[PDB]
Each structure stands twice: as structure tokens, then as C-alpha cells.
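There are 2 protein chains.
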Amino acid sequence: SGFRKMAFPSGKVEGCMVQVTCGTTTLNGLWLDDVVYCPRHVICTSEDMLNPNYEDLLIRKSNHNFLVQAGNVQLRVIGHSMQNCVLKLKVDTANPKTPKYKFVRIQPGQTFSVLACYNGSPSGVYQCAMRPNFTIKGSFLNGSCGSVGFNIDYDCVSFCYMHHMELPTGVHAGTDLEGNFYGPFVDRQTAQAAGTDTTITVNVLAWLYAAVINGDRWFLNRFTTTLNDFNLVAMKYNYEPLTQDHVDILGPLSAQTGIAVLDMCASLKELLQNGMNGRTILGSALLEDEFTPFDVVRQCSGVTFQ
Amino acid sequence: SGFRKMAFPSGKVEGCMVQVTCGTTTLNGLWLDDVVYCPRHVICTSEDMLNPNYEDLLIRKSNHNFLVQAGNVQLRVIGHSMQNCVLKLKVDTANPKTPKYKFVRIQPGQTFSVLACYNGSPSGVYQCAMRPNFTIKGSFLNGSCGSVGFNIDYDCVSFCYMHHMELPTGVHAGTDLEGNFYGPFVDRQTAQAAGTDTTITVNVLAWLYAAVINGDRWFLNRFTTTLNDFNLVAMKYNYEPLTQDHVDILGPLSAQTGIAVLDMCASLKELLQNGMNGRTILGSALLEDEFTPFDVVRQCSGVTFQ
Ligand SMILES: O=C(C[S@@](=O)C(c1ccccc1)c1ccccc1)NO
Ligand SMILES: O=C(C[S@@](=O)C(c1ccccc1)c1ccccc1)NO
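Each protein sequence line maps, in turn, to chains A and A'. A prime marks a further copy of an entry chain. Position 298 of the first sequence, counted from 1, bears residue number 298 in the deposited numbering, the numbering being contiguous throughout. Position 168 of the second sequence, counted from 1, bears residue number 168 in the deposited numbering, the numbering being contiguous throughout.
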């Protein structure tokens, strides 16, 4: 029993982190097979980031200008190319620690773990969600660019995020491993604001199910509701609209607990309308939305990875 | 910027986890050099745990009764012994993945990372604190015993916790790596209740400093206080008494922010007396106490580990 914000074990990713230096700029890269992946703004100076022409700036760079260091060992760069907003650096040595992996572009509302790194070295691991406005609420300081976000299924690491920017509001933006930004953000130091940070309704419901499984049930009530009725409340409180697809994904948690999805929606509705009256739910005084239904099942059942 | 509940990278510990089976009981062990460490209640059945005599139950066990498996490979047990509440199983092969490590017994209020494992396999990582009542609020299911808690300093893993029990209230108890329980708990299925769960005042203050560094400053006020005056409030709200030693440890955070420790105590005092009026602090609607001053400095500065 107990429910915690849990990250995947990070070892398989730790073995992939390297340091990339171009000129006077140093950030992190991801070494998979004989390719190192990193943000293309490694080639920029602080002056450049105001209005960079990446294609023009890359013309002045050759293989030997990209210094790649894995732990204490230097890797030989034998080719380089730009794909969207990442660079791919071909090296002469396949990473012997390459895990089974894939590249995935995730949807808003999905969660992943982040290995924060500096100078190619791991600093910490934590769990995040892709917000509905395509930012993430992370913990990133200067030099953390190139750190990546990932999920694991048994033995396969699914890389879904590479860190690129910090917006002026303190939230974070980045790309998939093909270099396409999440959301409308660009790798330019300009005026880009985040949209509304709406709450991920299906994740809150899954967390309420997690609560019930662990003994926190004071919020269960005598009511039920319908999807349309609940969604009128969701709109008022800047919650994502709940669909039948969401109801279907919560089916297994409904089955294990015996609480119909729409009955749990009626509990959530009362919590949004009345607040929590100074009580807590799984140690939290607000409604948590960065656990997916899969996350809840996984933690409440003890799935492992070899 | 941003502040997250962050765990240490777990790879160095992942490489130490093994599976231990005695009879029909399977839990996790920790393989360091040529010794595997695990809870002594691996030798018990469910019937035994009501009133076990561990010395008598061990007499019926020989080296070949302890089955130790690291990944897919079986380890040869060539000796075994009991130390307090852990067993030490000598094996014929030193773990090649043994990190630099030490065994440490931590104090209440100190934080550590937990690698939850099942059947010797890692499941997830999260951050915990040793509570003032010597429990931890974890996430542990059946089969998680032997999972361990640890800190890392550059290249040295300091093991401080091994998981042994779940109390009837859902909180968790366990030992250091010498097998001595934290607090008054015993490896018996009897009536053991936790004491008062007091809040770790020095950690809350450090987290308020973290908040200020990241732009959340609405709770700063015009007041100051004294240690004795603040502690009258701490007592009322079941907070740990604040000492000069605590004030001294917060010195560096005081210096970086320019906010005197006693001024931050006066902010905390108003927050305890008035609540947060529906606002949040670093994404939380209550006062977080599982970040130490060291944790705050580390995350706000980007310390790494090689
Ligand atoms: O190297 C860093 C600083 S980077 O965030 C920042 C940047 C600054 C100088 C050179 C390259 C990039 C930037 C600016 C605009 C848009 C995205 C990123 N972190 O690791
Ligand atoms: O094997 C497990 C179950 S264990 O928690 C439980 C126990 C049950 C059967 C055999 C050994 C131990 C126990 C009971 C009383 C005090 C501490 C622990 N988890 O990994």
C-alpha cells in the first residue's frame, strides 16, 4: 500500500548520456547505437538565439567541431546532420550500453520520467506529464538541455522528450526525438507564451481510484452523473472534457473497485464545487493529474522491468 | 527553474538487486562484493511471522536452501549468517557491478531515494524521508521486502534503508544495512502502532526558500520572530522544535536569498495560523517537509554524480 509519484528506473538511460560541446556551448546528448542526438542550439551563442538561422550557422561547423565525451572517453564524430530541431552526430563507435529502445511522440495527458543531466552526468530523476498546452512542469537549470524523458515497457525504453527551452513563466518546452517541438514553440529566444493549463480529467479520476484502493474514501458520495452533465462542470473549472474513450480506459480501475466511472465523476464534481474542506487525498491537498490510468494499475500491481 | 520531488539516478543500485528465495518465500536482496543482504524473514512462512524464533528457524536452513538469482544467473551460496534483522549470504562471485558504497544510519528528517523492486527486478524510484516517528511513507506491495533506500555523493552510494514491514495503518518500517530497525519496530506480525507524525520544521523552511528562489513569494510578510516564540507555534501544530543547529544549516539558503532565517520562520508562523487561503506554493496546497536544506541547494545548483 501507499501511492507515490514514481519514476522509472533510470539506469538504462544513464548509460546513454554524453556531453556535447560546440564552441563555447556545452549540453547533453543521447548516444544510441552509433548516433548522438542533441538540441541543434548547441551551435548557437547567446547572441545567436535572438534570431538564429540554423542552416547558415551549421555551414561553419565540421565534424571535428562537435566534441562528444562519454564519461572520461572521447568519441570520434564522422558525420553530422540536422533533423528538424535536433542534430544527429554519427560516431565511429556503437554505444555498448544501448538498451532496446524506440522513439515515440506522446499525446497531451501522457506521463514520462525525466533524467535531468548536466555536462553529460546524471543529476536526478522525476516524473512529468505533457500538459494540454504542450509544456511540461520540470526542474531544469542552465546546461540541462538535451536531458530526455522516457517510458519503459519491460526491456524497451521509449524516448519521448528532449529538453530545449525554458519559457519566461518558468515552464519548459522541448521536442520528440525526431526534433519536432511539442506544441507551437520554437528554439528562439522570443515572446512565446503558454496557453491555458487545463487539468487532465482522466488522470484525476485514475488517481481517485488509486486513493480508494489505498484506503482514502471520504470523498465517495451518494451521487452519480452523466458525461454531458459532468462536462458542464469540467468546463467551468478548466478541466479537459471527458469522452467515452476516457471512460473505457478507466474500465479496469472501475472493475477492480466496483465504483462505476460515472459515480466517480460525481465525486469529482462535488470536490470541484465544494473543495476538500481542509482534508487530504493520498497526502495531497489538491487534485493530482499527473498519474495516468496505466500508471495507477502499474504501481498498484507491481510491474517490473528486466 | 522549477522544483520537483527528485530521486537520485538509480542505475548504480539497479546493478545490485537480486532475487532471494527460501522455501516458498521470495523477496529482494542487495549484492555488494561477495555478500547478499536481505531481510531475515525470508526464512519464515506466513504462520511463522506471528511469533518467530529466528535463531531456531535458521538452524533448519543450509547454504543450499538460499536460492539467489541475479537476472538470469544463479549465484552459489557458500556461507550465511544473521546480523540483527538481516541475513548476509556469502556467494562465490563478487558482484562486478558493485559501486563505491557505504552503510549509513540516518537521522529522522533526512531524505533518501527508494528503488522499489519485485523478484529482484526494479519497478520504480521515488524520494522518501525518515519520519520523526521512524516510519517512512512509501509505496510497497507484497514481494517488495529487501528493496533499499540510498543517497549518492558523486560516486559513492550510501545505503541507509532496507524495507521489511507494512504497519496496519499503511506506513512502512525497516532497517539500516546492519539490520537494526529504525524506531521501536520488530519483524513480527503483532500490534505495533506509529507515534505522532510530526512535521520536519527545518525541511519546510528549506522548501519555502526553494519557493522564493523560483518565484513563489506571496507568503513573505512584514514580520519577524524569535526561536522561542516560533516554537510555541510549532508545538501547537505538531511541528518539530527548531534549534540553533537548524538555523545554522539554513544559513546558506538565507545568504543566497537575503531573507533572515527568523524572518522566514515568521512567514511560516503566519501560514500555520492562517492557512494558505486556497493558494499554492511550488505546486502544492500544503507545506512540504521532505526536502532537506541539502536537497534544496543540490537541486537549485545542479550537482551531478559520475
Ligand atoms: O545551453 C543551455 C541554454 S538554452 O536553454 C538557450 C540558449 C542559449 C544560448 C545558446 C543556445 C541556447 C535557448 C534560447 C532560446 C530558445 C531555446 C534555448 N541549456 O542547456
Ligand atoms: O515477503 C513479503 C511479505 S512480509 O512483508 C511479512 C512476512 C510474511 C510472511 C513471511 C515473511 C514475512 C512480515 C510480517 C511481519 C513483519 C514483517 C514482515 N514482502 O516482500
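Just so you know, even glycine gets a beta-carbon here, dropped at the ideal spot from N, CA and C.
For residue 238(A) and residue 197(A), the gap between their C-alpha atoms comes out near 8 Å. Residue 174(A') places its beta carbon 7 Å or farther from that of residue 19(A'). Cβ-Cβ distances below 6 Å link residue 246(A) to 202 in the same chain, with the five nearest sequence neighbours on each side left out; the list follows chain order. Per the DSSP secondary-structure output, residue 69(A') pairs in a beta bridge with 19(A'), 74(A').
Using a C-beta cut-off of 8 Å, the stretch 1–12 of chain A' makes contact with the stretch 112–127 of chain A, since at least three inter-stretch Cβ pairs fall below that distance. Counting the other Cβ atoms within 10 Å of the Cβ of residue 153(A') gives fewer than 16, which makes it exposed. In the assembly as shown, residue 92(A) is an exposed residue. Its beta-carbon has fewer than 16 other beta-carbons within 10 Å. Counting along the chain, residue 270(A') sits inside the alpha helix (DSSP H) bounded by residues 261–274. Residues are counted here when their Cβ sits less than 8 Å from a Cβ of chain A'; for the stretch 153–176 of chain A these are 166, 170, 171, 172, given in chain order. Distances from the CA of residue 75(A') to each of 165(A'), 135(A'), 34(A') were compared; the closest alpha carbon is that of 34(A'). The beta-carbon of residue 209(A) is placed no less than 7 Å from the nearest beta-carbon of chain A'. In terms of CA proximity to residue 14(A'), 148(A') leads the group 148(A'), 63(A'), 134(A'), 42(A').
The three-state reading of DSSP puts residue 12(A) in helix, counting H, G and I together.
In the three-state reduction of the DSSP assignment, residue 122(A') falls in the strand class, which pools E and B.
With three or more CB-CB distances shorter than 8 Å, the stretch 81–95 of chain A' counts as touching the stretch 21–32 of chain A'. Residue 183(A) has a beta carbon lying at 7 Å or more from every beta carbon in chain A'. In the three-state scheme derived from DSSP, where H, G and I count as helix and E and B as strand, residue 157(A) is classed as strand. Listed as beta-bridge partners of residue 240(A) by DSSP are no residues whatsoever.
The Cβ of residue 304(A') sits closer than 7 Å to at least one Cβ of chain A. Relative to the non-hydrogen atoms of ligand 2, the Cβ of residue 38(A') never comes closer than 6 Å to any of them. Sixteen is the threshold: since fewer than 16 other Cβ atoms of the shown chains lie within 10 Å of the Cβ of residue 228(A'), the residue is exposed. Exposed is the label assigned to residue 46(A'), since fewer than 16 other Cβ atoms lie within 10 Å of its Cβ.
Look at residue 80(A'): its beta carbon is at least 6 Å from all of the heavy atoms in ligand 2. Secondary structure of residue 50(A') (DSSP, three-state): helix.
By the neighbour-count criterion, in which a residue is buried when 16 or more other Cβ atoms sit within 10 angstroms of its Cβ, residue 11(A) is buried. Considering only 285(A), 117(A), 262(A), the residue with the shortest C-alpha distance to residue 225(A) is 262(A).
The stretch 101–120 of chain A' makes no contact with the stretch 279–289 of chain A; the number of CB pairs closer than 8 Å stays below 3. The Cβ of residue 253(A') sits no closer than 7 Å to any Cβ of chain A.
Contact check for residue 212(A) and residue 268(A): beta-carbon distance about 12 Å, past the 8 Å limit, so the pair fails to qualify.
About 27 Å separates the beta carbon of residue 256(A') from that of residue 155(A'), a gap too long to meet the 8 Å contact definition. With a cutoff of 7 Å on beta-carbon distance, residue 73(A) and residue 36(A) are scored as not near each other.
Using a 10 angstroms sphere on the CB of residue 279(A), the tally of other CB atoms stays under 16, which defines it as exposed. Here residue 140(A) has 116, 147, 163, 166, 172 as same chain residues with Cβ atoms under 8 Å from its own Cβ, once five neighbours each way along the sequence are excluded. For residue 143(A), the Cβ falls inside the 6 Å cut-off from some heavy atom of ligand 1. With its beta carbon at least 7 Å from every one in chain A', residue 147(A) lies outside the interface.
Between ligand 2 and the CB of residue 44(A'), the shortest heavy atom gap is smaller than 6 Å.
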